[PDB]
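S.K.: Data file work-v7.cif (mmCIF, C-alpha atoms) is appended below.
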data_my_file
loop_
_atom_site.group_PDB
_atom_site.id
_atom_site.type_symbol
_atom_site.label_atom_id
_atom_site.label_comp_id
_atom_site.auth_asym_id
_atom_site.auth_seq_id
_atom_site.Cartn_x
_atom_site.Cartn_y
_atom_site.Cartn_z
ATOM 1 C CA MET A 1 3.884 -15.379 5.850
ATOM 2 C CA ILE A 2 7.088 -16.382 4.164
ATOM 3 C CA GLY A 3 10.609 -15.094 4.593
ATOM 4 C CA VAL A 4 12.789 -14.146 1.647
ATOM 5 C CA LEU A 5 16.492 -13.391 2.006
ATOM 6 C CA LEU A 6 18.452 -11.623 -0.727
ATOM 7 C CA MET A 7 22.231 -11.459 -0.455
ATOM 8 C CA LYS A 8 24.603 -9.360 -2.590
ATOM 9 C CA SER A 9 28.036 -10.511 -3.782
ATOM 10 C CA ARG A 10 30.301 -9.750 -6.752
ATOM 11 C CA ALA A 11 28.196 -12.251 -8.820
ATOM 12 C CA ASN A 12 25.230 -9.903 -8.493
ATOM 13 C CA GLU A 13 25.005 -6.531 -6.807
ATOM 14 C CA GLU A 14 21.438 -5.793 -7.975
ATOM 15 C CA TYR A 15 18.372 -6.647 -5.816
ATOM 16 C CA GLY A 16 16.321 -5.901 -8.931
ATOM 17 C CA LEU A 17 13.304 -5.080 -6.720
ATOM 18 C CA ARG A 18 11.061 -2.073 -7.412
ATOM 19 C CA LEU A 19 8.632 -1.269 -4.609
ATOM 20 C CA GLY A 20 5.363 0.642 -4.667
ATOM 21 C CA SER A 21 2.758 1.644 -2.107
ATOM 22 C CA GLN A 22 -1.013 1.399 -2.249
ATOM 23 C CA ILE A 23 -3.711 2.955 -0.129
ATOM 24 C CA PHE A 24 -6.388 0.556 1.113
ATOM 25 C CA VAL A 25 -9.578 0.447 3.192
ATOM 26 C CA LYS A 26 -8.416 -0.581 6.677
ATOM 27 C CA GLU A 27 -11.779 -0.254 8.413
ATOM 28 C CA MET A 28 -15.277 1.107 7.896
ATOM 29 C CA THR A 29 -17.085 2.082 11.094
ATOM 30 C CA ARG A 30 -20.566 0.696 11.762
ATOM 31 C CA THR A 31 -22.018 4.248 11.925
ATOM 32 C CA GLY A 32 -20.206 5.936 9.018
ATOM 33 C CA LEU A 33 -21.261 6.888 5.502
ATOM 34 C CA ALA A 34 -18.911 4.295 3.998
ATOM 35 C CA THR A 35 -20.864 1.495 5.654
ATOM 36 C CA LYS A 36 -24.311 3.110 4.996
ATOM 37 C CA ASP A 37 -23.457 3.530 1.271
ATOM 38 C CA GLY A 38 -22.622 -0.174 1.123
ATOM 39 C CA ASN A 39 -20.395 -0.181 -1.952
ATOM 40 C CA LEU A 40 -16.928 -0.086 -0.325
ATOM 41 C CA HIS A 41 -15.349 -3.228 1.171
ATOM 42 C CA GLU A 42 -12.687 -3.553 3.852
ATOM 43 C CA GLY A 43 -9.413 -4.344 2.058
ATOM 44 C CA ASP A 44 -10.450 -2.460 -1.129
ATOM 45 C CA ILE A 45 -7.545 -0.724 -2.864
ATOM 46 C CA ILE A 46 -8.227 2.946 -3.383
ATOM 47 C CA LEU A 47 -7.016 4.050 -6.826
ATOM 48 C CA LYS A 48 -8.076 7.704 -6.738
ATOM 49 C CA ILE A 49 -9.401 10.208 -4.236
ATOM 50 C CA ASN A 50 -11.290 13.136 -5.764
ATOM 51 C CA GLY A 51 -9.412 12.868 -9.043
ATOM 52 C CA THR A 52 -5.901 12.352 -7.579
ATOM 53 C CA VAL A 53 -4.108 9.034 -8.168
ATOM 54 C CA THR A 54 -3.006 7.388 -4.902
ATOM 55 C CA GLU A 55 -0.398 4.848 -6.108
ATOM 56 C CA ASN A 56 2.821 5.556 -4.207
ATOM 57 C CA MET A 57 1.141 8.312 -2.190
ATOM 58 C CA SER A 58 1.887 8.335 1.543
ATOM 59 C CA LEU A 59 -0.943 7.547 3.996
ATOM 60 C CA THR A 60 -0.441 11.039 5.499
ATOM 61 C CA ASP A 61 -0.915 12.670 2.072
ATOM 62 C CA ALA A 62 -3.924 10.476 1.236
ATOM 63 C CA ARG A 63 -5.543 11.456 4.596
ATOM 64 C CA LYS A 64 -5.029 15.138 3.752
ATOM 65 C CA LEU A 65 -6.975 14.612 0.472
ATOM 66 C CA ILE A 66 -9.890 13.128 2.494
ATOM 67 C CA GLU A 67 -9.895 16.188 4.825
ATOM 68 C CA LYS A 68 -9.801 18.381 1.640
ATOM 69 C CA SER A 69 -12.944 16.725 0.101
ATOM 70 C CA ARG A 70 -15.324 19.141 1.928
ATOM 71 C CA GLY A 71 -18.072 16.547 2.456
ATOM 72 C CA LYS A 72 -17.959 15.197 -1.086
ATOM 73 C CA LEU A 73 -15.724 12.130 -1.464
ATOM 74 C CA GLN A 74 -15.397 10.563 -4.834
ATOM 75 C CA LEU A 75 -13.373 7.345 -4.772
ATOM 76 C CA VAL A 76 -12.243 5.026 -7.471
ATOM 77 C CA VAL A 77 -11.645 1.531 -6.188
ATOM 78 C CA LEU A 78 -9.942 -1.524 -7.715
ATOM 79 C CA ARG A 79 -12.351 -4.277 -8.763
ATOM 80 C CA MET B 1 -12.828 -0.246 -11.319
ATOM 81 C CA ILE B 2 -15.830 1.107 -9.507
ATOM 82 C CA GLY B 3 -16.624 4.573 -8.254
ATOM 83 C CA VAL B 4 -17.942 5.272 -4.766
ATOM 84 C CA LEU B 5 -19.353 8.633 -3.785
ATOM 85 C CA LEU B 6 -19.790 9.530 -0.121
ATOM 86 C CA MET B 7 -21.656 12.712 0.724
ATOM 87 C CA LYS B 8 -21.985 14.363 4.160
ATOM 88 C CA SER B 9 -25.106 16.054 5.562
ATOM 89 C CA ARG B 10 -26.603 16.808 8.983
ATOM 90 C CA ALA B 11 -27.955 13.221 8.909
ATOM 91 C CA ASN B 12 -24.410 11.842 8.966
ATOM 92 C CA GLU B 13 -21.157 13.802 9.156
ATOM 93 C CA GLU B 14 -18.908 10.750 9.595
ATOM 94 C CA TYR B 15 -17.256 9.078 6.554
ATOM 95 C CA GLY B 16 -16.286 6.281 8.972
ATOM 96 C CA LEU B 17 -13.383 5.300 6.652
ATOM 97 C CA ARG B 18 -9.943 4.455 8.048
ATOM 98 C CA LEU B 19 -7.217 4.190 5.452
ATOM 99 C CA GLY B 20 -3.912 2.311 5.575
ATOM 100 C CA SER B 21 -0.985 1.904 3.215
ATOM 101 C CA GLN B 22 0.933 -1.226 2.243
ATOM 102 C CA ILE B 23 4.236 -1.692 0.486
ATOM 103 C CA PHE B 24 4.186 -4.140 -2.453
ATOM 104 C CA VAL B 25 6.462 -5.695 -5.088
ATOM 105 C CA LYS B 26 5.933 -3.550 -8.215
ATOM 106 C CA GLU B 27 8.494 -5.265 -10.406
ATOM 107 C CA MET B 28 11.372 -7.703 -10.257
ATOM 108 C CA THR B 29 14.016 -7.150 -12.925
ATOM 109 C CA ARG B 30 15.078 -10.094 -15.097
ATOM 110 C CA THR B 31 18.728 -9.763 -13.945
ATOM 111 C CA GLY B 32 18.225 -9.096 -10.213
ATOM 112 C CA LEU B 33 18.626 -11.173 -7.064
ATOM 113 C CA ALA B 34 14.885 -11.051 -6.436
ATOM 114 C CA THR B 35 14.269 -12.956 -9.656
ATOM 115 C CA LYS B 36 17.302 -15.271 -9.219
ATOM 116 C CA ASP B 37 16.147 -16.286 -5.678
ATOM 117 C CA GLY B 38 12.721 -17.171 -7.136
ATOM 118 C CA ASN B 39 10.658 -16.902 -3.939
ATOM 119 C CA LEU B 40 9.225 -13.367 -4.297
ATOM 120 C CA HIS B 41 6.276 -12.653 -6.599
ATOM 121 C CA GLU B 42 5.268 -9.465 -8.366
ATOM 122 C CA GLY B 43 2.345 -8.002 -6.402
ATOM 123 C CA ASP B 44 3.495 -9.608 -3.098
ATOM 124 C CA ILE B 45 2.768 -7.471 -0.051
ATOM 125 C CA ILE B 46 5.868 -6.790 1.991
ATOM 126 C CA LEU B 47 5.172 -6.985 5.734
ATOM 127 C CA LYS B 48 8.661 -6.344 7.099
ATOM 128 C CA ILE B 49 12.037 -5.188 5.851
ATOM 129 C CA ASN B 50 14.965 -6.270 8.020
ATOM 130 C CA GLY B 51 12.754 -6.478 11.121
ATOM 131 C CA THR B 52 10.841 -3.189 10.553
ATOM 132 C CA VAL B 53 7.080 -3.436 9.935
ATOM 133 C CA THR B 54 5.977 -1.688 6.737
ATOM 134 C CA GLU B 55 2.192 -1.186 7.200
ATOM 135 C CA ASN B 56 1.491 2.548 6.854
ATOM 136 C CA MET B 57 5.137 3.289 5.998
ATOM 137 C CA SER B 58 5.763 5.655 3.077
ATOM 138 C CA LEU B 59 7.396 4.266 -0.076
ATOM 139 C CA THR B 60 10.248 6.770 0.464
ATOM 140 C CA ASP B 61 10.867 5.428 3.971
ATOM 141 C CA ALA B 62 10.589 1.771 2.830
ATOM 142 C CA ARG B 63 13.162 2.503 0.063
ATOM 143 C CA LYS B 64 15.513 3.989 2.664
ATOM 144 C CA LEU B 65 15.325 0.692 4.609
ATOM 145 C CA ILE B 66 16.376 -1.269 1.482
ATOM 146 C CA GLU B 67 19.340 1.106 1.015
ATOM 147 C CA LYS B 68 20.312 0.510 4.727
ATOM 148 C CA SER B 69 20.289 -3.328 4.423
ATOM 149 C CA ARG B 70 23.932 -3.234 3.196
ATOM 150 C CA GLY B 71 23.657 -6.319 0.943
ATOM 151 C CA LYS B 72 21.560 -8.458 3.278
ATOM 152 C CA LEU B 73 17.810 -8.071 2.755
ATOM 153 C CA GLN B 74 15.479 -10.058 4.911
ATOM 154 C CA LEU B 75 11.854 -9.670 3.833
ATOM 155 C CA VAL B 76 8.711 -11.011 5.344
ATOM 156 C CA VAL B 77 5.974 -11.301 2.747
ATOM 157 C CA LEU B 78 2.221 -11.965 2.959
ATOM 158 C CA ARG B 79 1.137 -15.512 1.957
ATOM 159 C CA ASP B 80 -2.311 -15.822 3.613
#
Show me this structure written as structure tokens.

M.R.:
Amino acid sequence: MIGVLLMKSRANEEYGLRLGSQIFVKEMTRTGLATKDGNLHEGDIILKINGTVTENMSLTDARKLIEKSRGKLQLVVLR
Amino acid sequence: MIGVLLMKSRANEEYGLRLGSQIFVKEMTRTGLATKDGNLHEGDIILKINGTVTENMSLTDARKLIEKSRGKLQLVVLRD
């Protein structure tokens, strides 16, 4: 970990920092289909869930898309 | 990019997939303090903003925390 401190003044009032969010694989259970399928890795960045892009999507909204899948979950994953 | 397809049946009804979200540095502008300070990198994962942990925080909420910093922004960033 490193700390970074940005401080405004009349020389520069702009942080000049654009943030995003990404959805990632936190854990795969030993007993689940994710593990049994064997393709997904913990820490993988999920790019799409069932056609819908996940960049900047909230975790809550991404979880809703998983509940919506109705037993068919097509993921696209960064590699 | 690779595709992964998980399919439920009576043999296994558990995806067994826990998701998280992380906040990351999308861009630093050429003219901004982030660039001028020189420590932050594009693609860095932000772990905390002014003491508040960012794992699983929405982008909207994280952005609110940057607006609340009032000209002093202390970040903790993943290097590990």

S.K.: Please determine, counting all atoms listed in the file, which residue among A:17, A:46, A:75, A:65 has the shortest atom-to-atom distance to residue B:6.

M.R.: A:75

S.K.: For the file shown, report as a list in words the outcome of the PyMOL selection byres ((chain B and resi 30) around 12) at residue level.

M.R.: residues 14, 15, 16, 17 and 18 of chain A; 27, 28, 29, 31, 32, 33, 34, 35, 36, 37, 38 and 42 of chain B

S.K.: I need the residue nearest residue B:55 from this list: A:40, A:34, A:1, A:59. Use all atoms listed in the file for the distance.

M.R.: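 When distances to residue B:55 are compared using all atoms listed in the file, the smallest one comes from A:59.
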
S.K.: With a cut-off of 9 Å and counting only C-alpha atoms, select all residues of chain B in contact with chain A and give the selection as an NGL selection string.

M.R.: :B and (1-9 or 12-35 or 37 or 39-40 or 47 or 56-60 or 62-63 or 70-80)

S.K.: At what distance in Å, to one decimal, does atom CA of residue B:64 lie from atom CA of residue A:53?

M.R.: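 Here the two named atoms are 23.0 Å from each other.
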
S.K.: Rounded to one decimal, what separation in Å do you get between atom CA of residue B:54 and atom CA of residue B:68?

M.R.: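 Result for atom CA of residue B:54 versus atom CA of residue B:68: 14.6 Å, one decimal.
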
S.K.: Quick check, in Å to one decimal: how far apart do atom CA of residue B:49 and atom CA of residue B:69 lie?

M.R.: 8.6 Å
